[PDB]
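Asker: Please find the sequence and an experimentally derived structure below.
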Amino acid sequence: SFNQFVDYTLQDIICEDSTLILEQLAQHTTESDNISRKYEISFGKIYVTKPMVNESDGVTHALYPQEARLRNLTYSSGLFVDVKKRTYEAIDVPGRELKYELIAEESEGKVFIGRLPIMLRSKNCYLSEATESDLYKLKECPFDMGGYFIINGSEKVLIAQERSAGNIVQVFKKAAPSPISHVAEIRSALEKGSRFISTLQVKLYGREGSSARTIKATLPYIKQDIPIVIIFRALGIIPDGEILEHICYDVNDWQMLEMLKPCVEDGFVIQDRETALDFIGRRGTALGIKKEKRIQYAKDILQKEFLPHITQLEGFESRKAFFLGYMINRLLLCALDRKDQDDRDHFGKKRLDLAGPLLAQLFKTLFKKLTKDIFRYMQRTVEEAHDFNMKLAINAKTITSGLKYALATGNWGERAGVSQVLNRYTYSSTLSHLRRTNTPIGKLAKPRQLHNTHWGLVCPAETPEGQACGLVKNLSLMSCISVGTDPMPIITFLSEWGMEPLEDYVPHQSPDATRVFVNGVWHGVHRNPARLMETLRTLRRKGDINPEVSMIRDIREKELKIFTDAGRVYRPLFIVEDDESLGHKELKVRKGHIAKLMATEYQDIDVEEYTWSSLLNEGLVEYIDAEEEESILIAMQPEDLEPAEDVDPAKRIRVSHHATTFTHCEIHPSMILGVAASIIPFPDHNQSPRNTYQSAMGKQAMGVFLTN
Amino acid sequence: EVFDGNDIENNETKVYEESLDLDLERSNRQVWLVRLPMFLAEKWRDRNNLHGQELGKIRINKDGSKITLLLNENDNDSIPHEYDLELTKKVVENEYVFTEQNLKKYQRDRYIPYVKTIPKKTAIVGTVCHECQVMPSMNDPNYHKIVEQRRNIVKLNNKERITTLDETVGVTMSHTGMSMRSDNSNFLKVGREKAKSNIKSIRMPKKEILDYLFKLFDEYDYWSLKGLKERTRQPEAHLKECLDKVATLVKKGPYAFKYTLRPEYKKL
Amino acid sequence: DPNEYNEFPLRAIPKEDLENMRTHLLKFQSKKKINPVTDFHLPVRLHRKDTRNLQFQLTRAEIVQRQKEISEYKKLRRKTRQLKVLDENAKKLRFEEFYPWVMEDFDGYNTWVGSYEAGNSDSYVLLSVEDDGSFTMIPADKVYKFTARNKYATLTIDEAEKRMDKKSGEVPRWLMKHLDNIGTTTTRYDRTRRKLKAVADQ
Amino acid sequence: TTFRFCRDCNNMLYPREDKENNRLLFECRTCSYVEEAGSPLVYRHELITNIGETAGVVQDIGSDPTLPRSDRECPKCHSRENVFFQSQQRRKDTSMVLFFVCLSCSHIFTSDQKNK
Amino acid sequence: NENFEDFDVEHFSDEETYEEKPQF
Ligand SMILES: [Zn+2]
Ligand SMILES: [Zn+2]
């Protein structure tokens, strides 16, 4: 996560608010001063130094973590960005449109913007390239794994923060006293933009015994809950048949149409797109719009604020309308009891914010504040006619103190307990702390209980016994968190392999079409999803698609979901193929691959290096998260459950499951445990609270935490 | 071309030589709506290409309505030259192709004669009946090139990593904060361009300055201190010492804070 | 190869007849087939006008009728500000598509307002069949969905905001059938027909 | 119920009386399109639902690996191999009758004995 | 300070539970 944040996310944050334009009006009392000046400061490429420290007397030298721990320094490195100053001027002729030109003062020029704390053993740290003898020379323990920050000489670990996944439609049954029976909400969030969270709630009024059960949705920046038909007509879908086609995908599902009948009756008197937009414009919360501009205000709200995770550009009203219809369809499916309400505790519906995303959002806030200060100083200099000093414009202490304060104290802002002092009682205690996850807690769910989806991702018995029981979780041994990839290549690939776009999709002519979702965004439909899923799986198993990408085919409700976002917890699994030579399902990994692995391992203690990525690229293993785990069948043991079927009475009773359609096999079942639970001898012979007590108490033992 | 609509003055006869009505006689041309892959759409939509040259041949075999493209060899050799045109819609309804062209601007019952209409020369180029997609043939020798290209679409990374400065860390801080290096840039040097100007005004005598003030008051009755001073190039103390004697300032009117001629001298 | 089929050559359009002319795509959203050469009261008028406050913009028939009748009658400021930088292409689309395409016939029988569709306007290539069987290739740039407006006498917002009020009870099932029976808030076509038959009586 | 829509404006039709024949005609509230009603039923409200229990059955339902397999008797193919699932309609009080899908003919045959 | 995982119950400290339900 830290390497992703340093290598890619920093430039993305810089390029999001790169250009800072200041326009100076002529303010001309006489026509002799009819010139308007346009000053632009633009941030370019960002540079990072090796970790280093500047002392009192101004000398800057390389800082190593041993010195930074001893001298109570911060193991940080400098950030430098390229700034090009643009000066545009134009003749201020009233009525005539201004055409600016450069005065050739395009000065450019690395400028120091702050110190980013460097997590140890990351790509920027000195200890990444260090050998064992180099680590001994630097008085660093070779057993030390890194993974932490040094802030003021304290080893700070960033606890992974668990949050609900974004861009997922979740339908919730409200309480009996509430007039709203069901609520379908989506926490619509975007990654390549302002990172603002806009929640669209589609709500179904009236209880089951009631008759006037209408559906009203909570658009952002709107004081009232607009009926869904008015929103559909405001999106350009006037007739009732097209609206019901967008919502109900089966013409024979008359019960869904019967529940939609009060909704179309409610917004019956609005029959035009402009009337619907002006109706939305009446309820605008800004309250500064004149009589005639409410149409454009409603269009602007529907474009830049209504479901921003799909698009922010114009001309995408059809996709937003189809997604709104999909939300209403899911809401009515739960309302008709065809599907249960969404499980809040499903671990596939969760994301874990590691050091990467946490430092990313913190640096986004700090850099927005820094750009605001740059513009404020620049406006002061151009208004009060003082000379512009480049060094006073960028206050590097802003970014430096923000990162240092949010890492030294756990308060993630300007959420507590994000950064904790790293445990150093034993080695296993440090390992357990570096894989610890935290779930902030006031909802109606049950997050403290161990869920089914927690299999192989978090430890079944490793949690504190106090008030943090179940809220604080520890990763299993093989579990990994995805760092996130760009969904644009996958979306481009899908549209060139038969995915019909959502603009020219009609559900009644394509009743068997499978909806295609990429990162929670409905991008279109596919007529033949089976061979598409086969193509996608063959690309991922050969490494063409990044192995962290999770692709889920839900055959029952005809959905193909692809997730490329960060924060997904996955685990490796063996691949079980058809294997027509043996006539039965078998693991793709064979004894030759195992021999290559042991040959590489014993060479490390001259043949080709056969690494874990060699298994990953040859399709022998695969990365499965909790969403994809819902659509696969896993065998616990290869040699016991793959081949088709006197027993030792001392052995435990095993079931063969009487089913040979396996798609995956567990690598080893002992890998469902975390660091502290893997110390326990025979944990399967113990009562589970005793395993939890030992996992808590293994961190309080005495050993040799580090050799240095 | 900004223009005003709802014109009951028949101004379109005088401001538009071309007729504003839609031309409809080309609407019977048959148009096939064809969807292209990335490489072919890249080489068929760029404006520097497409000089009327032949791009291939179309073979339509009536046995199974199989429509094939037979591209010429002049463009490339990595791309295929036989493409299977699949018809996703044999009959397409209510889809037309219309053009947009700039005009010749040179030479209840309630109505408002202003609707803000932007008129443009428009014409139906043709009618769409066949929605097509272009898939390369499976048996083409260059089809594996397309498979490799589509695999390379998701394989390569368009973003490079952050650049790490490899020089000594103090050399990078030679320019930062504490620095002997003064800024040689001329960016936002408002003080440099403002302190270089010096307006210096001699004490040329009383009769000549009052004659000049009377000439300027004959030119315009109301004068500001800055405007009169830049018109006469005189110090503010001496200019005020003449202006209080020969004129007066307005404190309350619409022309307040302006020195205007005394009403004894206003009639002269 | 045997000539048992037809072999039609394909050529691109010249670029001399591409400059300062854009070939968009027109798409009517209607269940029934719409043919502007037959179903439309000629002359037609496809302009880029304001769609705000329809049912109150008189059609070209009444415009020329009013033209005939009026011819017969005659015969401290803020020095600096922050500019939010934005991409030029989306600004050009917002400025161009601020007013939608509006296609009206002569009597206003068919008034279609076109909405810009940004989905797959860049992957579309038009193949225009020539008279000699040849194919000319035209790159499509924009796709517009056209929806019919005021075909059934829609009603304004003031009555609508009256109707969403819960002070009014159940909205009657045939309220605007009854309103058309009364003669309030009719279509543009009916209003133009009324004015034309009133003028024709003199 | 078989909801009907207008063939001119694609808005939904509503029932209306007439007196010259005393029959059932569905009326378009938008553009007054009228046709005969094919059935006198205008509104049905089911309190017990039997649709949606066999939902999701597709041409490749057998490609799902998570679905259990059985050796039961298909009474259209006499094929032993088939997949099965419970009632997909997720009401809390539905029965646990199994729905079997033959992978050779895609017939939906159940394990119910009250119906059979 | 201290950092111990052995959970010691804070006695006489029901005010956390009193403040959880301040209205009836
Ligand atoms: Zn109708
Ligand atoms: Zn069968």
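Answerer: Nice, thanks for sending it over. Numbering: from 1, shown residues only, chains lettered A, B, ... in the order given. Ligands and ions are numbered 1, 2, ... in the order given.

Asker: does the longest strand along chain A come close to chain B?
Answerer: Scanning chain A for the strand with the most residues, using DSSP state E, yields strand A:76-91. Yes: using CB under 8 Å from any CB of the partner chain, a contact is recorded between strand A:76-91 and chain B, made by A:78, A:80, A:85, A:87. In short, each C-beta sits where N, CA and C put it, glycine included.

Asker: what separates the second one from residue A:115, distance-wise?
Answerer: Distance of residue A:80 to residue A:115, computed by CB to CB, to the nearest Å: 11 Å.

Asker: intersection of neighbour lists for these two?
Answerer: Taking CB atoms under 8 Å, 6 or more residues apart in numbering or on different chains as the contact definition, residue A:80 and residue A:115 share no neighbouring residue.

Asker: which of the residues of strand A:76-91 next to chain B has the most neighbours?
Answerer: residue A:78 (25 neighbours; other CB atoms under 10 Å in any protein chain shown).

Asker: That one is in contact with residue B:172, isn't it?
Answerer: Yes: taking CB atoms under 8 Å as the definition, residue A:78 is a contact partner of residue B:172 at 6.8 Å.

Asker: tell me, what's touching these two both at once?
Answerer: Shared contacts of residue A:78 and residue B:172, defined by CB under 8 Å, 6+ apart, are found at residue A:49.

Asker: Next one: residue A:42 from residue A:106, what distance?
Answerer: From residue A:42 across to residue A:106, the span is 10 Å (CB to CB).

Asker: Now do the contacts for the residue of chain E found nearest chain A.
Answerer: As assessed by CB to the nearest CB, chain A sits closest to residue E:7 within chain E, at 3.6 Å. In this structure, residue E:7 makes contact with A:464-466, judged by CB under 8 Å, 6+ apart.

Asker: Now list the buried members of those residues.
Answerer: Using 16 or more other CB atoms under 10 Å in any protein chain shown as the burial test, those include residue A:464 as buried.

Asker: okay if I get the contacts of residue E:7 as CSV plus distance to chain C and secondary structure?
Answerer: As requested, the contacts of residue E:7 are arranged in CSV below (distance: CB to the nearest CB, whole Å; DSSP: H, G, I helix; E, B strand; the rest coil):
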residue, distance to chain C, secondary structure
A:464, 48, coil
A:465, 53, coil
A:466, 49, coil
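
Asker: right, and out of the contacts of residue E:7, which lies closest to residue A:69?
Answerer: Of all the contacts of residue E:7, residue A:69 sits closest to residue A:464, with 27.5 Å by CB to CB.

Asker: The closest residue to the closest one other than its chain neighbours and residue A:415: what is the separation?
Answerer: What sits nearest to residue A:464 in space, not counting adjacent residues and going by CB to CB, 6 or more residues apart in numbering or on different chains, is residue A:472, at 5.6 Å. Taken as CB to CB, the spacing of residue A:472 relative to residue A:415 amounts to 14 Å.

Asker: Which single residue in the stretch 401-550 of chain A comes nearest to chain C?
Answerer: Counting by CB to the nearest CB, the stretch 401-550 of chain A gets nearest chain C through residue A:503, at 3.4 Å.

Asker: so who does the closest residue to that residue other than its chain neighbours touch?
Answerer: The shortest distance from residue A:503 to any residue other than its chain neighbours is 3.4 Å, reached at residue C:119 (CB to CB, 6+ apart). Residues in contact with residue C:119, defined by CB under 8 Å, 6+ apart, are A:315-316, A:318-319, A:501-504, C:143.

Asker: Residue C:119 should be in a strand, yeah?
Answerer: No: secondary structure of residue C:119 (DSSP: H, G, I helix; E, B strand; the rest coil): coil, not part of a strand.

Asker: show me where chain D has strands.
Answerer: With strands called from DSSP E, chain D shows them at D:13-16, D:25-28, D:34-36, D:69-70, D:82-85, D:99-102, D:108-110.

Asker: how about these, which one is nearest residue A:621?
Answerer: Closest approach to residue A:621 among the strands of chain D is made by strand D:69-70 (26.3 Å; CB to CB).

Asker: neighbouring contacts of the closest one?
Answerer: Applying CB under 8 Å, 6+ apart, the contact partners of strand D:69-70 are A:659, A:661, D:81-84, D:100.

Asker: secondary structure class for residue C:179?
Answerer: Look at residue C:179: counting by three-state DSSP, its state is helix.

Asker: so what's the closest residue to it other than its chain neighbours up against?
Answerer: The spatial neighbour of residue C:179 that comes closest, neighbours along the chain excluded (CB to CB, 6+ apart), is residue C:185 at 6.1 Å. Contact partners of residue C:185, counting by CB under 8 Å, 6+ apart, are B:108, C:55, C:153-156, C:159, C:176, C:179.

Asker: Closest one of these to residue A:58?
Answerer: Out of those, the member with the shortest distance to residue A:58 (by CB to CB) is residue C:156, at 73.5 Å.

Asker: Was I right to think the closest one contacts residue A:275?
Answerer: Yes: Residue C:156 lies in contact with residue A:275 (CB under 8 Å); the separation is 7.2 Å.

Asker: of these two, who's got more company?
Answerer: When residue C:156 and residue A:275 are compared for neighbours, residue A:275 comes out ahead with 23 against 15, by other CB under 10 Å.

Asker: Other residues contacting the host helix or strand of that one?
Answerer: Here residue A:275, judged by DSSP states H and E, is contained in helix A:273-282. Judged by CB under 8 Å, 6+ apart, the contacts made with helix A:273-282 from elsewhere in the structure are A:219, A:222, A:226, A:230-231, A:233-236, A:238, A:267, A:270, A:289, A:293-295, A:297-299, A:301-302, C:51-54, C:113, C:115, C:147, C:154-157, C:160-161.

Asker: State the number of residues packed around the closest residue to chain B within chain D.
Answerer: In chain D, no residue comes nearer to chain B than residue D:10, which is 13.2 Å away by CB to the nearest CB. Here the count is done by other CB under 10 Å, and residue D:10 has 21 residues near it.

Asker: gap between it and ligand 1?
Answerer: Going from residue D:10 to ligand 1 by CB to the ion, to the nearest Å gives 7 Å.

Asker: What are the neighbouring residues in contact with residue A:207?
Answerer: Applying CB under 8 Å, 6+ apart, one finds that residue A:207 lies in contact with A:176, A:179, A:181.

Asker: go with 10 Å
Answerer: Under the criterion of CB atoms under 10 Å, 6 or more residues apart in numbering or on different chains, the contact partners of residue A:207 comprise A:174, A:176-181, A:213.

Asker: Present the residues you listed as a markdown table; the columns should include distance to residue B:134.
Answerer: Conversion of the contacts of residue A:207 to a markdown table gives the following (distance: CB to CB, whole Å):
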| residue | distance to residue B:134 |
| --- | --- |
| A:174 | 51 |
| A:176 | 58 |
| A:177 | 59 |
| A:178 | 54 |
| A:179 | 54 |
| A:180 | 50 |
| A:181 | 49 |
| A:213 | 48 |
